[PDB]
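Colleague: Have a look at the structure that comes next, please.
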Amino acid sequence: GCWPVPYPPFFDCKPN
């Protein structure tokens with residue numbers, strides 16, 4: 001899953 005977050009990295013992503 002990949003989604004933005006209130007902190008750097010502003011963009012989250014945990015690919016397989």
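Convention: chains lettered A, B, ... in structure tokens order; per-chain residue numbering from 1; ligands numbered from 1 as shown.
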From the DSSP assignment of the backbone, select every residue of chain A that is strand (DSSP E or B), and format the answer as a PyMOL selection string.

Modeller: chain A and resi 2-4+11-13

Colleague: Let's have the selection written as a compact mmCIF listing (two decimals), in the first residue's frame, with C-alpha atoms.

Modeller:
```
# COMPACT_ATOMS: atom_id res chain seq x y z
CA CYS A 2 1.05 3.58 -0.71
CA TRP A 3 -0.40 6.74 0.82
CA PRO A 4 0.68 10.25 1.89
CA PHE A 11 4.52 9.97 0.47
CA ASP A 12 4.46 6.44 1.89
CA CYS A 13 4.75 3.23 -0.13
```
